[PDB]
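File shown here: data.txt, holding compact mmCIF, C-alpha atoms and all ligand atoms.
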# COMPACT_ATOMS: atom_id res chain seq x y z
CA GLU A 207 -38.81 66.67 21.20
CA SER A 208 -40.36 64.53 18.46
CA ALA A 209 -38.41 66.48 15.84
CA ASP A 210 -35.21 65.01 17.33
CA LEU A 211 -36.69 61.51 17.15
CA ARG A 212 -37.50 61.88 13.43
CA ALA A 213 -33.98 63.11 12.80
CA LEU A 214 -32.71 59.99 14.56
CA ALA A 215 -35.07 57.73 12.60
CA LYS A 216 -33.92 59.41 9.39
CA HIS A 217 -30.25 59.05 10.30
CA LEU A 218 -30.62 55.34 11.01
CA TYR A 219 -32.68 54.63 7.89
CA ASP A 220 -30.03 56.37 5.74
CA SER A 221 -27.25 54.33 7.35
CA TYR A 222 -29.24 51.11 7.07
CA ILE A 223 -29.61 51.71 3.30
CA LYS A 224 -25.88 52.31 3.03
CA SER A 225 -24.94 49.22 5.10
CA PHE A 226 -27.34 46.54 3.77
CA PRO A 227 -27.25 46.02 -0.01
CA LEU A 228 -30.39 43.83 -0.13
CA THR A 229 -33.22 45.70 1.57
CA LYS A 230 -36.68 44.38 2.41
CA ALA A 231 -38.11 46.70 -0.25
CA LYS A 232 -35.85 45.11 -2.87
CA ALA A 233 -36.50 41.60 -1.51
CA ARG A 234 -40.27 42.10 -1.83
CA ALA A 235 -40.03 43.51 -5.34
CA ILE A 236 -38.18 40.31 -6.29
CA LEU A 237 -40.43 37.86 -4.41
CA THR A 238 -43.63 39.40 -5.78
CA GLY A 239 -42.47 38.06 -9.12
CA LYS A 240 -44.33 40.66 -11.15
CA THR A 241 -41.80 43.50 -11.07
CA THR A 242 -40.15 41.28 -13.68
CA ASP A 243 -36.82 43.00 -14.35
CA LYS A 244 -34.68 40.40 -12.54
CA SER A 245 -36.63 37.36 -11.39
CA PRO A 246 -34.70 34.76 -9.35
CA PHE A 247 -33.65 31.30 -10.41
CA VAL A 248 -35.44 28.79 -8.17
CA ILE A 249 -33.57 25.94 -6.49
CA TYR A 250 -36.01 23.24 -5.35
CA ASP A 251 -34.03 19.97 -5.81
CA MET A 252 -30.52 18.87 -6.70
CA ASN A 253 -30.60 19.22 -10.49
CA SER A 254 -31.82 22.80 -10.10
CA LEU A 255 -29.05 23.22 -7.53
CA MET A 256 -26.56 22.05 -10.20
CA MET A 257 -28.08 24.50 -12.68
CA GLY A 258 -27.79 27.08 -9.88
CA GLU A 259 -24.22 28.12 -10.57
CA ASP A 260 -25.07 27.55 -14.24
CA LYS A 261 -26.82 30.94 -13.73
CA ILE A 262 -25.80 32.26 -10.28
CA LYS A 275 -18.44 17.82 -1.48
CA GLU A 276 -21.88 16.73 -0.24
CA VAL A 277 -24.85 18.97 -0.99
CA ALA A 278 -26.08 19.48 2.58
CA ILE A 279 -22.55 20.44 3.65
CA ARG A 280 -22.07 22.62 0.56
CA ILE A 281 -25.31 24.52 1.27
CA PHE A 282 -24.41 24.79 4.96
CA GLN A 283 -21.03 26.33 4.16
CA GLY A 284 -22.63 28.75 1.70
CA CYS A 285 -25.12 29.86 4.34
CA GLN A 286 -22.12 30.10 6.67
CA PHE A 287 -20.21 32.47 4.39
CA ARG A 288 -23.34 34.59 3.96
CA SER A 289 -23.67 34.99 7.74
CA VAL A 290 -20.04 36.10 7.91
CA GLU A 291 -20.86 38.71 5.28
CA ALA A 292 -24.00 39.66 7.22
CA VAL A 293 -21.99 40.12 10.42
CA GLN A 294 -19.71 42.52 8.55
CA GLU A 295 -22.73 44.51 7.35
CA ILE A 296 -24.36 44.63 10.79
CA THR A 297 -21.05 45.68 12.38
CA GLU A 298 -20.80 48.56 9.92
CA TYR A 299 -24.40 49.53 10.68
CA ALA A 300 -23.68 49.41 14.43
CA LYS A 301 -20.83 51.96 14.18
CA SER A 302 -23.37 54.44 12.79
CA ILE A 303 -25.70 54.08 15.78
CA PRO A 304 -25.03 57.34 17.67
CA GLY A 305 -23.12 56.68 20.87
CA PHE A 306 -22.23 53.11 19.97
CA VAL A 307 -18.57 53.69 19.12
CA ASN A 308 -18.15 55.90 22.20
CA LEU A 309 -19.01 52.99 24.47
CA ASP A 310 -16.18 51.08 26.08
CA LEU A 311 -14.56 48.79 23.54
CA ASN A 312 -15.25 45.58 25.46
CA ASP A 313 -18.96 46.37 25.59
CA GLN A 314 -18.94 47.09 21.83
CA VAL A 315 -17.63 43.58 21.22
CA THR A 316 -20.16 42.15 23.67
CA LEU A 317 -23.11 44.02 22.12
CA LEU A 318 -22.13 42.72 18.69
CA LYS A 319 -21.37 39.23 19.99
CA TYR A 320 -24.94 38.81 21.27
CA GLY A 321 -26.89 41.12 18.97
CA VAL A 322 -25.58 39.87 15.64
CA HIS A 323 -27.64 36.72 15.33
CA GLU A 324 -30.88 38.24 16.55
CA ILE A 325 -30.41 40.82 13.81
CA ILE A 326 -29.52 38.21 11.20
CA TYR A 327 -32.80 36.34 11.74
CA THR A 328 -34.74 39.60 11.83
CA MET A 329 -33.36 40.64 8.45
CA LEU A 330 -33.41 37.14 6.97
CA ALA A 331 -37.18 37.32 7.43
CA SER A 332 -37.13 40.14 4.88
CA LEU A 333 -35.81 37.61 2.35
CA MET A 334 -38.35 34.91 3.19
CA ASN A 335 -41.90 34.04 2.42
CA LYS A 336 -43.67 30.90 3.57
CA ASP A 337 -42.26 29.05 0.51
CA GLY A 338 -38.52 29.81 0.53
CA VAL A 339 -35.67 32.26 0.89
CA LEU A 340 -33.82 34.59 -1.46
CA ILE A 341 -30.10 33.85 -1.89
CA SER A 342 -27.01 35.24 -3.63
CA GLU A 343 -28.08 38.88 -3.29
CA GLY A 344 -31.54 37.97 -4.62
CA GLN A 345 -30.44 36.21 -7.83
CA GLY A 346 -31.60 32.87 -6.45
CA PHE A 347 -34.51 31.47 -4.45
CA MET A 348 -34.08 28.30 -2.44
CA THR A 349 -37.38 26.66 -1.49
CA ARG A 350 -38.28 25.83 2.10
CA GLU A 351 -39.17 22.24 1.20
CA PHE A 352 -35.75 21.64 -0.37
CA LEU A 353 -33.89 22.87 2.78
CA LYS A 354 -36.31 20.78 4.96
CA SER A 355 -35.48 17.60 2.94
CA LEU A 356 -31.78 17.96 3.64
CA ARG A 357 -29.90 15.11 5.29
CA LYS A 358 -30.80 14.56 8.93
CA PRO A 359 -28.56 17.03 10.91
CA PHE A 360 -29.11 19.82 8.33
CA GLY A 361 -32.68 19.54 7.01
CA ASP A 362 -34.08 21.23 10.11
CA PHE A 363 -31.59 24.07 10.27
CA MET A 364 -33.77 26.65 8.48
CA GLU A 365 -37.31 25.59 9.45
CA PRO A 366 -37.49 27.57 12.76
CA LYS A 367 -36.30 30.70 10.92
CA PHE A 368 -39.10 30.29 8.36
CA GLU A 369 -41.53 29.84 11.25
CA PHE A 370 -40.37 33.06 12.86
CA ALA A 371 -40.36 34.84 9.51
CA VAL A 372 -43.96 34.08 8.52
CA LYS A 373 -45.16 35.51 11.84
CA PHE A 374 -42.65 38.40 11.93
CA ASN A 375 -43.47 39.30 8.32
CA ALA A 376 -47.14 39.57 9.36
CA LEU A 377 -46.22 42.78 11.19
CA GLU A 378 -45.55 44.29 7.72
CA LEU A 379 -42.55 46.30 8.87
CA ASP A 380 -40.70 48.25 6.19
CA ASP A 381 -36.98 49.01 6.12
CA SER A 382 -37.36 52.35 7.88
CA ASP A 383 -39.04 50.52 10.78
CA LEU A 384 -36.39 47.81 10.79
CA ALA A 385 -33.47 50.22 10.93
CA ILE A 386 -34.61 51.52 14.31
CA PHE A 387 -35.55 48.04 15.49
CA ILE A 388 -32.22 46.39 14.85
CA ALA A 389 -30.56 49.39 16.54
CA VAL A 390 -32.72 48.72 19.63
CA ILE A 391 -31.60 45.09 19.52
CA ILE A 392 -27.87 45.88 19.38
CA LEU A 393 -28.09 48.32 22.30
CA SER A 394 -29.71 45.96 24.80
CA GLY A 395 -27.75 46.25 28.02
CA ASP A 396 -29.03 43.02 29.53
CA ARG A 397 -26.29 41.16 27.64
CA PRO A 398 -23.95 38.99 29.75
CA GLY A 399 -20.69 40.65 30.70
CA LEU A 400 -21.46 44.29 29.96
CA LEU A 401 -19.12 46.49 31.95
CA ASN A 402 -21.18 49.71 31.88
CA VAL A 403 -24.89 49.04 31.41
CA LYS A 404 -26.14 52.59 32.03
CA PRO A 405 -24.86 54.42 28.89
CA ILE A 406 -26.13 51.50 26.77
CA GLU A 407 -29.61 51.70 28.31
CA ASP A 408 -29.78 55.46 27.81
CA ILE A 409 -29.01 54.99 24.12
CA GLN A 410 -31.61 52.23 23.91
CA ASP A 411 -34.27 54.41 25.57
CA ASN A 412 -33.77 57.09 22.96
CA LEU A 413 -33.88 54.40 20.27
CA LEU A 414 -37.02 52.95 21.86
CA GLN A 415 -38.57 56.40 21.88
CA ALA A 416 -37.65 56.72 18.20
CA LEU A 417 -39.08 53.31 17.28
CA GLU A 418 -42.34 54.12 19.07
CA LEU A 419 -42.85 57.40 17.26
CA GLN A 420 -41.81 55.73 13.99
CA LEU A 421 -44.40 52.99 14.34
CA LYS A 422 -47.10 55.50 15.33
CA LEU A 423 -46.46 57.66 12.26
CA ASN A 424 -45.70 54.88 9.76
CA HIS A 425 -48.48 52.50 10.90
CA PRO A 426 -51.21 54.61 12.52
CA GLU A 427 -53.85 51.90 12.10
CA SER A 428 -51.64 49.10 13.50
CA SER A 429 -52.68 48.93 17.15
CA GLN A 430 -49.88 48.24 19.66
CA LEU A 431 -47.40 47.44 16.87
CA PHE A 432 -44.66 48.72 19.21
CA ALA A 433 -45.62 46.25 21.93
CA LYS A 434 -46.12 43.43 19.44
CA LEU A 435 -42.73 44.16 17.83
CA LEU A 436 -40.96 44.20 21.20
CA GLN A 437 -42.56 40.85 22.05
CA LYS A 438 -41.02 39.35 18.90
CA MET A 439 -37.67 39.71 20.61
CA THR A 440 -38.40 36.53 22.53
CA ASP A 441 -38.92 34.54 19.34
CA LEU A 442 -35.45 35.74 18.32
CA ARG A 443 -33.81 34.50 21.54
CA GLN A 444 -35.17 30.98 21.06
CA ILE A 445 -34.05 30.75 17.42
CA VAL A 446 -30.49 31.49 18.57
CA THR A 447 -30.32 28.85 21.32
CA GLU A 448 -31.86 26.23 19.01
CA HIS A 449 -29.23 27.15 16.41
CA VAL A 450 -26.19 26.95 18.70
CA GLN A 451 -27.49 23.58 19.89
CA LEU A 452 -27.67 22.51 16.24
CA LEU A 453 -24.10 23.69 15.67
CA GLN A 454 -22.73 21.62 18.58
CA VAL A 455 -24.24 18.51 16.99
CA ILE A 456 -22.57 19.31 13.66
CA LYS A 457 -19.18 20.01 15.27
CA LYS A 458 -19.15 16.40 16.55
CA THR A 459 -20.86 14.55 13.70
CA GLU A 460 -18.59 16.14 11.04
CA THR A 461 -15.16 16.70 12.60
CA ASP A 462 -13.99 17.24 9.00
CA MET A 463 -16.07 20.41 8.57
CA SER A 464 -14.61 23.84 9.29
CA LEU A 465 -16.53 26.70 10.90
CA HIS A 466 -15.52 30.29 10.09
CA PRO A 467 -13.54 31.83 12.99
CA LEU A 468 -15.55 35.06 13.12
CA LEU A 469 -18.60 32.82 13.72
CA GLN A 470 -16.70 30.59 16.16
CA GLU A 471 -15.77 33.63 18.26
CA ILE A 472 -19.39 34.85 18.31
CA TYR A 473 -20.45 31.42 19.61
CA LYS A 474 -19.22 31.16 23.18
CA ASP A 475 -21.81 28.91 24.90
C1 LIG B 501 -23.26 32.70 -0.95
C2 LIG B 501 -23.56 34.17 -0.79
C3 LIG B 501 -23.33 34.98 -2.04
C4 LIG B 501 -22.79 36.37 -1.80
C5 LIG B 501 -23.85 37.41 -1.51
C6 LIG B 501 -25.08 36.86 -0.83
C7 LIG B 501 -26.21 37.87 -0.67
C8 LIG B 501 -27.18 37.55 0.42
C9 LIG B 501 -28.18 36.50 0.02
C10 LIG B 501 -28.01 35.21 0.11
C11 LIG B 501 -26.73 34.52 0.49
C12 LIG B 501 -26.57 33.18 -0.15
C13 LIG B 501 -26.98 32.01 0.74
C14 LIG B 501 -26.39 30.68 0.33
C15 LIG B 501 -27.25 29.49 0.67
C16 LIG B 501 -27.67 29.43 2.13
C17 LIG B 501 -29.14 29.66 2.31
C18 LIG B 501 -29.50 30.65 3.40
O1 LIG B 501 -29.64 30.22 4.57
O2 LIG B 501 -29.63 31.85 3.09
What do you get writing this file as C-alpha cells?
Ligand SMILES: CCCCCCCC/C=C\CCCCCCCC(=O)O
Amino acid sequence: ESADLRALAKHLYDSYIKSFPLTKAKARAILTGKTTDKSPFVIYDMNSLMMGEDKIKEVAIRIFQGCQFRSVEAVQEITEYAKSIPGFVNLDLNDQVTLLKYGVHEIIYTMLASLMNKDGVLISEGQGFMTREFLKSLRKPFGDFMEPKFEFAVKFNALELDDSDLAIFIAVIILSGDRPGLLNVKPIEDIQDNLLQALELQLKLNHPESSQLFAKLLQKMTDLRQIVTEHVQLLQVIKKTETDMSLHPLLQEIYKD
C-alpha cells in the first residue's frame, strides 16, 4: 500500500529533522548568500583562519582535529537517527553495532555533500565556510583529505535531492545487510526492502521529471564505498607520520581495517 510508504517517508523525514541540526535546506539558504540573515565567515588562508575564532599547534593538524571532532558529533547524530528507523533497535545488538560501524561514514559523506558546493564547505553549524582551495593547499599528508569528498559532492549534489529524499536514503544505507559480520541478514534486508520501496515512491512523487533518479541514486552508493577506503588509507599514513597525534576512540573503534 503506497499510503503506508508515505507514512514511512513522513516518519523518517520528521526524525531526520529532529536528529540533524544543519539540514540541506538550511545549508543551501546559507550558501546561496542572498538569504542574508546569517552569512558565513569565509576561511580561505591562514590570516582568515586566525580571524575565524575572532568570529566563530600546527594549522593542518588543528583543522584535522576539528574535522575529527565534527565527525564524532556526526556519528552521534546518525546513531540517534538510526534508532528511529523502524525495526532497527529490534535487531540483534551485535548487528546494530555492525550496521552503524559500516554505515556511519557513507552517511557522513552523503550529508557532508549537503554542506558543500564546488568552492568549499560549511563549518561550525554553518557560521563558517572553509574554501576547497585552502584545504587542498594543506601540508602534504592533509591537503588531499577533503578533495575526493568535494568530487563526490559536486556530482551527488547534481541529483538535487532534498532532505526528505535524503532521510529515506541514509536509512537505506544503514540497513544494508551485505555488511561484514552480520549475524542475521534476513530481518535487515526485509527492513531495507521496505525502505527501498519507500525511497522509490518518494523519488517518483518528489521528482516526477527526474528519469531513473532511483537507479542513479542507488549507483551513487559505489562512489561512497571508494571515498571510505581512500580515507582509511589516508588515516593509516597519518597514524605513522604523526605518532604524537591522537585519534578519537569512537572513530578508532569504527575503523577496524
Ligand atoms: C568544530 C565543530 C563545531 C561544532 C558544530 C559543528 C557543526 C557542523 C559543521 C561543521 C563542523 C566544523 C568543521 C571543522 C573544520 C573541519 C572541516 C570539515 O571537514 O568539515
**Report entry** Near-ligand residues for ligand LIG 501 (chain B), threshold 8 Å, all atoms listed in the file, as a PyMOL selection string
**Finding:** chain A and resi 228+281-289+291-292+330+339-344+346+348+364
Report task. Just the residues within 12 Å of residue A:440, please, counting all atoms listed in the file, with nothing from its chain fewer than 3 positions along; format it as number ranges by chain. Result -> A: 324, 328, 370, 374, 391, 434-437, 443-447
Requested in this report: Give me the residues within 9 Å of residue A:305 as a PyMOL selection string, counting all atoms listed in the file and dropping any in the same chain fewer than 4 places off.
Outcome: chain A and resi 301+309+405-406+409
**Report entry** Atom-to-atom span, atom CA of residue A:280 and atom CA of residue A:327, Å
**Finding:** 20.7 Å
Report task. Give the answer as one residue: which of A:231, A:252, A:463, A:419 has the shortest atom-to-atom distance to residue A:215, using all atoms listed in the file? Result -> A:419
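Residue nearest residue A:389 within the list A:238, A:375, A:410, A:294: A:410 [criterion: smallest interatomic distance, only C-alpha atoms].
Put simply, atom CA of residue A:369 is 19.4 Å away from atom CA of residue A:431.
Across the model, the gap from atom CA of residue A:230 to atom CA of residue A:427 is 21.1 Å.
Of the listed residues A:372, A:262, A:329, A:307, the one whose atoms come nearest to residue A:345 is A:262, with distances taken using only C-alpha atoms.
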Atom completion result for stretch 278-289 of chain A (N, CA, C and O atoms) as an mmCIF file, keeping the file's coordinate frame:
data_model
loop_
_atom_site.group_PDB
_atom_site.id
_atom_site.type_symbol
_atom_site.label_atom_id
_atom_site.label_comp_id
_atom_site.auth_asym_id
_atom_site.auth_seq_id
_atom_site.Cartn_x
_atom_site.Cartn_y
_atom_site.Cartn_z
ATOM 1 N N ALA A 278 -25.704 18.874 1.312
ATOM 2 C CA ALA A 278 -26.080 19.480 2.580
ATOM 3 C C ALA A 278 -24.930 20.295 3.159
ATOM 4 O O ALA A 278 -25.114 21.435 3.598
ATOM 5 N N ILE A 279 -23.724 19.726 3.142
ATOM 6 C CA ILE A 279 -22.550 20.440 3.650
ATOM 7 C C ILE A 279 -22.265 21.660 2.789
ATOM 8 O O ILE A 279 -21.974 22.745 3.307
ATOM 9 N N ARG A 280 -22.344 21.505 1.465
ATOM 10 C CA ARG A 280 -22.070 22.620 0.560
ATOM 11 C C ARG A 280 -23.045 23.774 0.781
ATOM 12 O O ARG A 280 -22.640 24.943 0.798
ATOM 13 N N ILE A 281 -24.332 23.470 0.960
ATOM 14 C CA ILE A 281 -25.310 24.520 1.270
ATOM 15 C C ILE A 281 -25.000 25.135 2.625
ATOM 16 O O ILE A 281 -25.039 26.359 2.794
ATOM 17 N N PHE A 282 -24.694 24.290 3.615
ATOM 18 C CA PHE A 282 -24.410 24.790 4.960
ATOM 19 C C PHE A 282 -23.222 25.748 4.951
ATOM 20 O O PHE A 282 -23.240 26.771 5.643
ATOM 21 N N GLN A 283 -22.180 25.441 4.184
ATOM 22 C CA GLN A 283 -21.030 26.330 4.160
ATOM 23 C C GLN A 283 -21.283 27.584 3.327
ATOM 24 O O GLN A 283 -20.618 28.603 3.544
ATOM 25 N N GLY A 284 -22.236 27.539 2.392
ATOM 26 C CA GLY A 284 -22.630 28.750 1.700
ATOM 27 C C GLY A 284 -23.435 29.674 2.593
ATOM 28 O O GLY A 284 -23.202 30.886 2.634
ATOM 29 N N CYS A 285 -24.397 29.102 3.326
ATOM 30 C CA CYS A 285 -25.120 29.860 4.340
ATOM 31 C C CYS A 285 -24.176 30.396 5.408
ATOM 32 O O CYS A 285 -24.403 31.484 5.957
ATOM 33 N N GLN A 286 -23.093 29.667 5.680
ATOM 34 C CA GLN A 286 -22.120 30.100 6.670
ATOM 35 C C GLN A 286 -21.349 31.325 6.186
ATOM 36 O O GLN A 286 -21.189 32.302 6.930
ATOM 37 N N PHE A 287 -20.914 31.315 4.924
ATOM 38 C CA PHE A 287 -20.210 32.470 4.390
ATOM 39 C C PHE A 287 -21.128 33.685 4.300
ATOM 40 O O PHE A 287 -20.677 34.816 4.523
ATOM 41 N N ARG A 288 -22.414 33.471 4.007
ATOM 42 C CA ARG A 288 -23.340 34.590 3.960
ATOM 43 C C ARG A 288 -23.565 35.209 5.338
ATOM 44 O O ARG A 288 -23.745 36.427 5.444
ATOM 45 N N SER A 289 -23.550 34.406 6.405
ATOM 46 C CA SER A 289 -23.670 34.990 7.740
ATOM 47 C C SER A 289 -22.448 35.816 8.086
ATOM 48 O O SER A 289 -22.565 36.884 8.698
#
